[PDB]
Amino acid sequence: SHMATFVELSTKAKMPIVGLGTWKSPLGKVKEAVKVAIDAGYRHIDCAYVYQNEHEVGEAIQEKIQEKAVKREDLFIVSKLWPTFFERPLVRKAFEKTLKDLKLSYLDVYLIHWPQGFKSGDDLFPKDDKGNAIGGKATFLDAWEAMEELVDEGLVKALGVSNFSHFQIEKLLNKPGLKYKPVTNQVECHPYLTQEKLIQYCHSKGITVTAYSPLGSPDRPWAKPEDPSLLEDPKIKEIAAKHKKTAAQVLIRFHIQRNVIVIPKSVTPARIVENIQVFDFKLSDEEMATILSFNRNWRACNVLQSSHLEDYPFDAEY
Ligand SMILES: NC(=O)c1ccc[n+]([C@@H]2O[C@H](COP(=O)([O-])OP(=O)(O)OC[C@H]3O[C@@H](n4cnc5c(N)ncnc54)[C@H](OP(=O)(O)O)[C@@H]3O)[C@@H](O)[C@H]2O)c1
């Protein structure tokens, strides 16, 4: 039986430092994966409207509660608002659909998924006549305002952001009449993209960081063979064997020792268990410095090249 360390948020709520990622987890597999994760000791699940698997995640959560395998109060469920729903009435609708699918009465954290607003309508990925993303009417500051109302009504415990640069976080914090501060910024992070400056900034403002794609998202559709590959990095593997651990476990531990929340995804039962077995070893200061030195400023997940729209996050240095 396993328990992930708590990272305290600015609201005093406790966020498990390891959670389960659910992106690309297919229907027919994610239910069992969540069941396995909960049995193994995971209490933090990372979800999203756009992953379109939340109802299956909801079933597994409900069945485990009925089973008395776990209590709601000890689960930590995160989902995300997709940018085609930034317009106020759509925030509540998308949120409601997420909450129904998940079979919950509240979410622990609700994130802005991506800072650029997209055209509303039936398409989740609106493009023009070329494959160019079409922007929306509402900005992420508009969406936030509607999201704050969710917190006022007890439906969500805390808010956060995903894929924000420090400029965009600045914009959020400086917003007039801000009711709630983000408790986390969820961003890609791993040894090829160390986010030293972004992490430094977020921490200085009492904002935690959640590391996504910590294994380098090998199952991402657009992966190319020549693309750098963290799980096969001989230097990572060599630090692993010294601790009698797998590479995946080092990659996960790396975030833990920087106090960064981390959410590796798997639908494979043995890997789900292996991924939370990371509290029984410690990387030395030297080993941490070596891994930090692998930074390549490489983004595994950067399929959105919508730099024509305002608030493209990745043009900024951090
Ligand atoms: N914009 C955003 O906010 C955003 C973007 C991307 C991801 N995320 C979140 O972060 C989560 C994690 O990122 P990600 O899904 O991109 O990828 P990732 O967790 O870095 O890697 C997932 C891949 O690694 C494999 N894997 C898992 N554990 C392994 C192990 N112990 N040994 C070997 N292979 C292993 C998985 O295989 P199997 O599943 O087949 O075992 C899957 O192919 C996502 O699921 C999502 O919740 C958020």
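Residue 1 is the first one shown; counting continues down the chain.
Structure determined by X-ray crystallography, 2.3 Å.
Note: Cβ is positioned from N, Cα and C throughout, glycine not excepted.
As given in Swiss-Prot:
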ACT_SITE  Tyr51  active site, proton donor
BINDING   22-24, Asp46, 162-163, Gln186, 212-219, 263-275  NADP(+) binding site
BINDING   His113  substrate binding site
MOD_RES   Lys127  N6-acetyllysine
MOD_RES   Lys265  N6-acetyllysine
SITE      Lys80  site 'Lowers pKa of active site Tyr'
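In this structure, of the binding-site residues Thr22, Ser213, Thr268, the smallest number of CB atoms within 10 A of the CB marks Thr268. Proximity of the recorded positions (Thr22, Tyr51, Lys127, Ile272) to ligand 1: a Cβ under 6 Å from the molecule is found for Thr22. Separating the Cα atoms of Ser213 (NADP(+) binding site) and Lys80 (site 'Lowers pKa of active site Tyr') is a whole-number distance of 16 Å. Note on the modified residues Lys127, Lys265: the fewest other CB atoms within 10 A surround the CB of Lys127. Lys80 (site 'Lowers pKa of active site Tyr') falls within a strand when secondary structure is assigned with DSSP. Cα proximity to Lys265 (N6-acetyllysine) (within 10 Å) is found for the following recorded positions from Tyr51, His113, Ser162, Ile272: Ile272.
Spacing of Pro264 (NADP(+) binding site) relative to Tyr51 (active site, proton donor) is 15 Å (Cα to Cα, whole number). DSSP assigns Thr22 (NADP(+) binding site) to coil in the three-state reduction, outside any helix or strand.
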